[PDB]
Amino acid sequence: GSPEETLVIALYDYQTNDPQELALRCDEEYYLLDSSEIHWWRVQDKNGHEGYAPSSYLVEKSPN
């Protein structure tokens, strides 16, 4: 139970001002797309919104 794609949780409320970054909410989670990364982790909201998200300000939820 861990197909490349997974979910993440934003530790802190990180608000952005660009369509490249995705607005994050504390306690909220998102759909992880690019995890192999080295640069910026892509995330997608259940609302169809996507953007970059600091991997440092979140943690892998990993479904059991």
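No Cβ is skipped: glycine too gets one built from the backbone with ideal geometry, and neighbour counts run over all protein chains shown. Coordinate-derived values only; no laboratory data.
Key figures
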quantity: Looking only at the range 14-64, and only at residues there that are of a type in the set (D, E, K, R) and not in a loop (DSSP other than H, G, I, E, B), the one that is nearest to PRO3 (Cα to Cα); calculated: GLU60
quantity: Members of the range 32-44 found to be touching a strand residue (DSSP E or B) at 6+ places or on another chain (Cβ under 8 Å) and either closer than 13 Å to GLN20 by Cα or loosely packed, with under 12 Cβ neighbours inside 10 Å (or both), listed by number; calculated: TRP40, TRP41, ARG42, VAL43, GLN44
quantity: Some residue of the range 33-54 being of a type outside the set (A, V, I, L, M, F, W, C), touching a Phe, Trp or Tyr at 6+ places or on another chain (Cβ under 6 Å) and touching a residue at least 40 places away in the same chain (Cβ under 8 Å); calculated: no
quantity: Selection within the range 1-23 - more than 8 Å from the chain's Cα centre (by Cα) and either under 24 Å from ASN64 (Cα atoms) or of a type in the set (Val, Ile, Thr) (or both); calculated: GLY1, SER2, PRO3, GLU4, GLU5, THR6, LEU11, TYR12, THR16
quantity: Candidate set from the range 1-31 (those that are polar (S, T, N, Q) and within 12 Å of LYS61 (Cβ to Cβ)); member that is surrounded by the fewest Cβ atoms within 10 Å (Cβ to Cβ); calculated: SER2
